[PDB]
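These notes concern the structure reproduced below.
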Amino acid sequence: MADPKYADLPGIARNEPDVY
Amino acid sequence: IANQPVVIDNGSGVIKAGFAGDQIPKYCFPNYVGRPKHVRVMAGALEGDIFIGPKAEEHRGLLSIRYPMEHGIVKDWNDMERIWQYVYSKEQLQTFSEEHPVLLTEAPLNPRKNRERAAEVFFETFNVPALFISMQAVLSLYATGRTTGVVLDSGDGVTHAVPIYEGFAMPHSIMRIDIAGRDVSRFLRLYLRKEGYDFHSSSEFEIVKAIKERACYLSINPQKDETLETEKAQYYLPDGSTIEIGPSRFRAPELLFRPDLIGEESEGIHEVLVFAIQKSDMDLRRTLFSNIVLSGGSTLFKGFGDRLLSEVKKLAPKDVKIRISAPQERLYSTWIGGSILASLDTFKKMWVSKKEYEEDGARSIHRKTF
Amino acid sequence: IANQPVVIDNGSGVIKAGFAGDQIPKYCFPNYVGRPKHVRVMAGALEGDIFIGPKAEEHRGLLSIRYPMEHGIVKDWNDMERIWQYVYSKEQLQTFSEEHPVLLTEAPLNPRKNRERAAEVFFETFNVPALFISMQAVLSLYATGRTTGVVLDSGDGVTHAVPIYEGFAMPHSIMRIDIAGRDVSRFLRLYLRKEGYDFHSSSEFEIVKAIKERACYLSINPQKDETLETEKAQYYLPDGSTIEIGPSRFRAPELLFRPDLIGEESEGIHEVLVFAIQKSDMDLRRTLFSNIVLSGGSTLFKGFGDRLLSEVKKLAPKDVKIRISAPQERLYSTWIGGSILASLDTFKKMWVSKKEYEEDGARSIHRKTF
Amino acid sequence: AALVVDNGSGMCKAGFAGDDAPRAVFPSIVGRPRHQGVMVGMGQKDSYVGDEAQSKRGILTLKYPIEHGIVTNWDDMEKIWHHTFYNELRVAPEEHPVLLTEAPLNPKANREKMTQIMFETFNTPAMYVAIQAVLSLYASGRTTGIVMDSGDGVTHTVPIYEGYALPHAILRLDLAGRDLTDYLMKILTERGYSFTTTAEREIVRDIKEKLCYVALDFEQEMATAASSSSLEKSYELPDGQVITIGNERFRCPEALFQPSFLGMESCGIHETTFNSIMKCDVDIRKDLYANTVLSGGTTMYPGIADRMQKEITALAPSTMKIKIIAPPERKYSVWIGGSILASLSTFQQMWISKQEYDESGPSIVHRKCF
């Protein structure tokens, strides 16, 4: 979208893997 | 009188403005008043003698800049009145203060005197029909669409972490520091002088912010980066003179994690996030760990969220699912939630009207916010 | 190899040298390299074509004087190497560089590249067995005998206030400004052109320094002196022609307190002294106000200490015991403390040895100074 | 309504407000004859002024009143003003207001004495003193840009940005057209064309205006002069005698770019302008590089704008886009600016008055100027 500052390819979140 | 209300997202670094029910703020400009250093001999000069917004960004070199807000606490009240007047004026909004209700923002655990004097400005000097003051964390969660969430924010003035769970903000679990983007930029400036390149003026200070925004990253292991020798990357000024930054680019944002570098023992960003989850009740901790939301400008460093994960893995209990979420629109997250909050029909009940302010005073404003 | 070590008190205006355990430095001469403007036709002339020390002071008019060091930062490294070689040579010390260890001095918060290049010169061009770089504030306190106190200093290069409480220098409270004696002498010259008596040549510049040293005073109330009309007191030049100085004598050293006159928004001496005390922790502030130590040549103006106290009374909190102490020999304060520090047995542990430098490099020097 | 009088050290220019070019143009000279006991026939003037002194040059001792933009003899300057008003312009000074010009960083007493002569002796209704560079920039049309003004009196630089002059970045220079004329006269004596008396000073000045030009590369031009004789032009005098010089065309105005020839020990006009721009704020350097304005007669040498473009680009970084504004009418740019300043309606409230002068005195002008 429009406006000066964005970050491209950080991702929405960083998550640990879910174990059983 | 229920017109389309205005959303003034305050902050020491940047001030966002616009109307309710919009996707993104149309009016974003940095929060400072610029006044000229030099004498105007020649006629046909830049009139007014007070510069706010894009004029001040364009003509930095002339203007002795000074920030009215430090750590979400307005020091110079005359300067903020001029900025809020500039926001309302024809150069930005093109509307009167009398028509629209106002949505103001503040950091949590601020001085109550500043909140009272803020209300005084909007009700007396400007003639506002209704004012409402809100938190950053509650607005960030409105923008995402969640209810559960720990909001680790990092603006220019303040860093804090309010743990909300299913629409229940816990006021005593709030952890706050006065270490943030401005102090990192001030710490980078001090390093650049130790490297060689000196900057001292207030117009010259914003170059250091631009270097900090562009060329800075957080090392995953700082001891490993210390032992190794850096590459020394370059940067071009508006002048054109090249600057070898060196190790100061990675050591600058370490102020956020190690606040002992500036010489002021605080918790740190990662410790504030853990302490906020720990101060809350036992059964709420695992849900608060799963919903960690990021916001503000000082979360935009390269490898910030990766390091913030690793610090939580070090501190928090083992075998727990950590999820540090962070939307695409982190800078305008607080404004978007305010625009969403303003558009809802419940907004009419929450605000403080002018009639209610004239009758009661400051006590009614303190009651309605909490 | 532990001979009687050499002290070299480095400075932009003046450079002072000698040996450890002496009462006063025997070898005080100005830090510049004079080179002849005119052509030498006749034989039996001054040989060498590179003049340092008393020969340069004697024969000013011949030599195009240029200072290698500005604001405690050497620009012309070849000239400083020639000065250090002249210090060690038979004209001053009459000793070899290989025998004695060296105590060098530098201002705080300088470029680290200059510090490495300083060390390279002493270890490689000269063949020094051991080198140690120290701060001017720590040495001034060694000279007095104290451990506590703020050290306000003002030479020709730098003005900086370092707060030290009971042998604990606080690096994050060290204030610094590039507004010292050289900028005052430059500002005096510009004022004398406004009066009428212009100076332009480099040999002719040292007459302005002599005018600055002799016929100047700092008034208590500057607004009262501005309203009143001056008497226009006289001063005789080295030639013989008289000069009515006028208001340029008293407004020239005002630069130190008002840095807006030269056109550079900085703190000023009195603000730096207060800011250094304020940056420290709460409990140390009252002891730092009670112990204020002056140093350097630009503290020797008439009514300087009286103005400093008035400015501290204005800025600092009310009902606090202020005391601005000073040594008798304010110019030789930093050297005497270095000579004391050199003669101590611990000095062997503090220094950077030649073997240690050859193994590690610049990192070992950055580990031992601070 | 208003009169503009550019009191230049060489050519005194004057006329009316709101005009294209000045009416009264003449050299500011006051030739007094050879006082011998022998009589003179049918009467004559005791002291000639202006073009009359230039016509009857052979006998008269040509003494300029202004030396380096500084009025030495005030009776001589008073006669030239009188010659400007009554003889040339044919209008009394009591009716019309009078705009004057001095170079920046002049003696403060000279404005006061200039103003005293206008009010007391000449009885002027209103007067003003402007900076020459400010008018030169105003003649060119731009509000922004540095002005490398260079006349026979004084070369100087005044950087201005968006109608805000930078007084501390101003750099006055002792090198000027008169020093170039004296240098050309000396190197003419070296090749057997001796000119001692002040009558020949104007002939060598006229030779300097016609033949001389700025070299693109000096070492290349010296090599071509030794090889070929095509560059060697001829100039006939007022007398039938004709003379030929080869080296002295390019070598004379090279003294501007290499002050070492004259024996001044100063910075050249190419790097003096650079040093002025670097003294300004870092954010507003691009516009000063873009608008490098030239003005005065010492910038009327062919190929000077090309040499300024070569040297400033060599000094500055490679990324910068250097550009010299060199108009056709740069010889009379200071007067044109004064005519446009006098024509504006805003300038009617900026004048000094007779009643204000009687209340205050000569010291009121320093407030009005800048």
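Residue numbers start at 1 in each chain; chains themselves are named A, B, ... in the order of the structure tokens; ligands are numbered from 1 in the order shown.
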Please provide as a ChimeraX atom specification all residues within 12 Å of residue 243 in chain B, with the sequence filter that same-chain residues fewer than 2 positions apart are discarded (counting only C-alpha atoms).
/B:192-193,195-198,207-208,211,215,232-241,245-246,248-249
Give me, as a CSV table (one decimal) with N, CA, C and O atoms, in the first residue's frame, all polymer residues having an atom no more than 8 Å from range 63-80 of chain B, counting only C-alpha atoms and skipping those fewer than 5 positions away in the same chain.
```csv
chain,number,residue,atom,x,y,z
B,11,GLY,N,3.0,10.9,19.5
B,11,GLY,CA,4.3,10.2,19.7
B,11,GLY,C,5.5,11.2,19.5
B,11,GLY,O,5.3,12.2,18.7
B,12,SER,N,6.6,11.0,20.2
B,12,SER,CA,7.7,11.8,20.2
B,12,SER,C,8.4,11.9,18.8
B,12,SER,O,8.9,12.9,18.4
B,31,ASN,N,7.1,14.7,14.4
B,31,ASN,CA,6.7,15.6,15.5
B,31,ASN,C,7.8,16.5,16.0
B,31,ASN,O,8.5,16.1,17.0
B,32,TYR,N,8.0,17.6,15.3
B,32,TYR,CA,8.9,18.6,15.8
B,32,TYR,C,8.6,20.0,15.2
B,32,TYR,O,8.1,20.1,14.1
B,33,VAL,N,8.9,21.1,16.0
B,33,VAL,CA,8.8,22.5,15.5
B,33,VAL,C,10.2,22.9,15.1
B,33,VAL,O,11.2,22.8,15.9
B,34,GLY,N,10.3,23.5,13.9
B,34,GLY,CA,11.5,24.1,13.4
B,34,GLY,C,11.4,25.6,13.3
B,34,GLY,O,10.4,26.2,12.8
B,35,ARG,N,12.5,26.3,13.9
B,35,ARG,CA,12.6,27.7,13.8
B,35,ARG,C,14.0,28.1,13.3
B,35,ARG,O,14.9,27.5,13.7
B,36,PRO,N,14.0,29.2,12.5
B,36,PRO,CA,15.3,29.5,11.7
B,36,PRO,C,16.4,29.9,12.6
B,36,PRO,O,16.2,30.7,13.5
B,37,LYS,N,17.6,29.4,12.4
B,37,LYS,CA,18.8,29.8,13.1
B,37,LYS,C,19.3,31.2,12.6
B,37,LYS,O,19.7,32.0,13.5
B,51,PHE,N,8.1,26.2,11.4
B,51,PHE,CA,8.0,25.2,10.4
B,51,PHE,C,7.7,23.9,10.9
B,51,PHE,O,8.4,23.3,11.7
B,56,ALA,N,9.5,21.7,7.0
B,56,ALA,CA,10.6,21.5,8.0
B,56,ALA,C,11.6,20.4,7.5
B,56,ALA,O,12.8,20.5,7.7
B,106,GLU,N,-1.8,8.2,24.0
B,106,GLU,CA,-0.7,8.4,24.9
B,106,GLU,C,-0.1,7.1,25.3
B,106,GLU,O,-0.7,6.0,25.2
B,107,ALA,N,1.2,7.1,25.7
B,107,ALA,CA,1.8,5.9,26.3
B,107,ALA,C,1.3,5.6,27.7
B,107,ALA,O,0.8,6.5,28.3
B,110,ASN,N,2.0,7.3,32.0
B,110,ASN,CA,2.5,8.7,31.9
B,110,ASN,C,2.0,9.6,33.0
B,110,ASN,O,1.2,9.2,33.8
B,111,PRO,N,2.7,10.8,33.1
B,111,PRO,CA,2.2,11.8,34.1
B,111,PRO,C,0.7,12.2,33.9
B,111,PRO,O,0.3,12.5,32.7
B,114,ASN,N,0.2,15.8,32.6
B,114,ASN,CA,0.2,16.0,31.1
B,114,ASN,C,-1.1,15.6,30.4
B,114,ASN,O,-1.4,16.2,29.4
B,156,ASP,N,9.8,6.0,19.2
B,156,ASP,CA,10.9,6.9,19.3
B,156,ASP,C,11.2,7.2,20.8
B,156,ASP,O,12.3,7.4,21.2
B,157,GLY,N,10.1,7.4,21.6
B,157,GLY,CA,10.2,7.8,23.0
B,157,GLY,C,10.2,6.6,23.9
B,157,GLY,O,11.2,6.4,24.7
B,158,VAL,N,9.2,5.8,23.9
B,158,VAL,CA,8.9,4.8,24.9
B,158,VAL,C,8.9,3.3,24.3
B,158,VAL,O,8.5,3.1,23.2
B,178,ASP,N,12.0,4.1,29.5
B,178,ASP,CA,12.3,5.2,28.7
B,178,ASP,C,13.6,5.1,27.9
B,178,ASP,O,14.5,5.9,27.9
B,201,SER,N,24.5,19.7,15.5
B,201,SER,CA,23.2,20.5,15.3
B,201,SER,C,22.0,19.6,15.2
B,201,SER,O,22.0,18.4,15.0
B,202,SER,N,20.8,20.3,15.5
B,202,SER,CA,19.5,19.6,15.5
B,202,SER,C,19.0,19.2,14.1
B,202,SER,O,18.4,18.2,14.0
B,203,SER,N,19.3,20.0,13.1
B,203,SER,CA,19.1,19.7,11.7
B,203,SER,C,20.0,18.5,11.3
B,203,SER,O,19.6,17.7,10.5
```
What residues in range 197-337 of chain D get the DSSP label helix (DSSP H, G or I)? Please answer as a ChimeraX atom specification.
/D:198-210,218-227,248-251,254-257,259-261,269-279,282-284,286-290,297-299,304-315,333-337
Saved selection, atoms kept: C-alpha atoms, as a short mmCIF file (atom, residue, chain, number, x, y, z; two decimals), in the first residue's frame:
```
data_model
loop_
_atom_site.label_atom_id
_atom_site.label_comp_id
_atom_site.auth_asym_id
_atom_site.auth_seq_id
_atom_site.Cartn_x
_atom_site.Cartn_y
_atom_site.Cartn_z
CA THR D 198 49.82 56.44 -11.49
CA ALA D 199 48.97 57.65 -15.03
CA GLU D 200 50.27 54.30 -16.37
CA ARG D 201 48.27 52.42 -13.68
CA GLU D 202 45.12 53.05 -15.79
CA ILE D 203 46.83 51.92 -19.04
CA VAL D 204 47.89 48.57 -17.48
CA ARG D 205 44.36 48.33 -16.02
CA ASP D 206 42.98 48.78 -19.58
CA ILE D 207 45.47 46.14 -20.84
CA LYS D 208 44.18 43.79 -18.10
CA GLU D 209 40.54 44.28 -19.21
CA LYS D 210 41.23 43.59 -22.92
CA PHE D 218 48.02 26.64 -16.01
CA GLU D 219 50.93 24.21 -16.62
CA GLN D 220 49.54 23.42 -20.10
CA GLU D 221 49.16 27.15 -20.93
CA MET D 222 52.76 27.79 -19.78
CA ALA D 223 53.99 24.97 -22.07
CA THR D 224 52.10 26.29 -25.13
CA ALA D 225 53.38 29.85 -24.51
CA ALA D 226 57.01 28.64 -24.69
CA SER D 227 56.33 26.66 -27.90
CA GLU D 248 51.40 37.78 -19.08
CA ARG D 249 47.81 37.30 -20.42
CA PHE D 250 47.02 34.03 -18.59
CA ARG D 251 49.56 34.64 -15.78
CA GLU D 254 46.04 33.20 -12.25
CA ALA D 255 46.94 35.17 -9.07
CA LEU D 256 43.26 34.75 -8.07
CA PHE D 257 43.65 30.94 -8.22
CA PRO D 259 47.64 33.87 -4.26
CA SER D 260 51.27 32.69 -3.67
CA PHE D 261 52.38 34.80 -6.69
CA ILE D 269 38.91 32.28 -5.11
CA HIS D 270 38.11 28.72 -6.27
CA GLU D 271 38.67 27.17 -2.80
CA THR D 272 37.54 30.24 -0.79
CA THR D 273 34.06 29.66 -2.28
CA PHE D 274 34.33 25.95 -1.39
CA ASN D 275 35.42 26.76 2.19
CA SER D 276 32.45 29.17 2.49
CA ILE D 277 30.01 26.41 1.39
CA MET D 278 31.55 23.90 3.86
CA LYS D 279 31.13 26.43 6.73
CA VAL D 282 25.35 20.23 5.75
CA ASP D 283 21.71 19.96 4.54
CA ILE D 284 21.83 23.13 2.35
CA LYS D 286 23.51 21.05 -2.77
CA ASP D 287 21.65 24.30 -3.56
CA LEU D 288 24.79 26.41 -2.88
CA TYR D 289 26.76 24.15 -5.28
CA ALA D 290 23.96 24.51 -7.88
CA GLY D 297 34.41 43.13 -12.88
CA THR D 298 37.03 40.63 -11.64
CA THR D 299 34.66 37.86 -12.89
CA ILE D 304 36.67 32.10 -15.51
CA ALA D 305 33.37 30.17 -15.14
CA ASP D 306 35.03 27.12 -16.76
CA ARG D 307 37.99 27.30 -14.33
CA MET D 308 35.61 27.66 -11.35
CA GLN D 309 33.71 24.56 -12.58
CA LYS D 310 36.98 22.58 -12.86
CA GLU D 311 38.35 23.57 -9.43
CA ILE D 312 35.11 23.36 -7.37
CA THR D 313 34.38 19.89 -8.85
CA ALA D 314 37.97 18.84 -7.96
CA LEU D 315 37.53 20.05 -4.35
CA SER D 333 24.96 43.09 -10.86
CA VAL D 334 25.31 44.90 -7.50
CA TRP D 335 23.62 48.08 -8.80
CA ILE D 336 20.82 46.19 -10.63
CA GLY D 337 19.93 44.45 -7.33
#
```
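A straight line drawn from CA of residue 97 in chain C to CA of residue 369 in chain C is 21.0 Å long.
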Tell me as a ChimeraX atom specification which residues belonging to chain C come within 8 Å of chain B, counting only C-alpha atoms.
/C:109-113,172,264-266
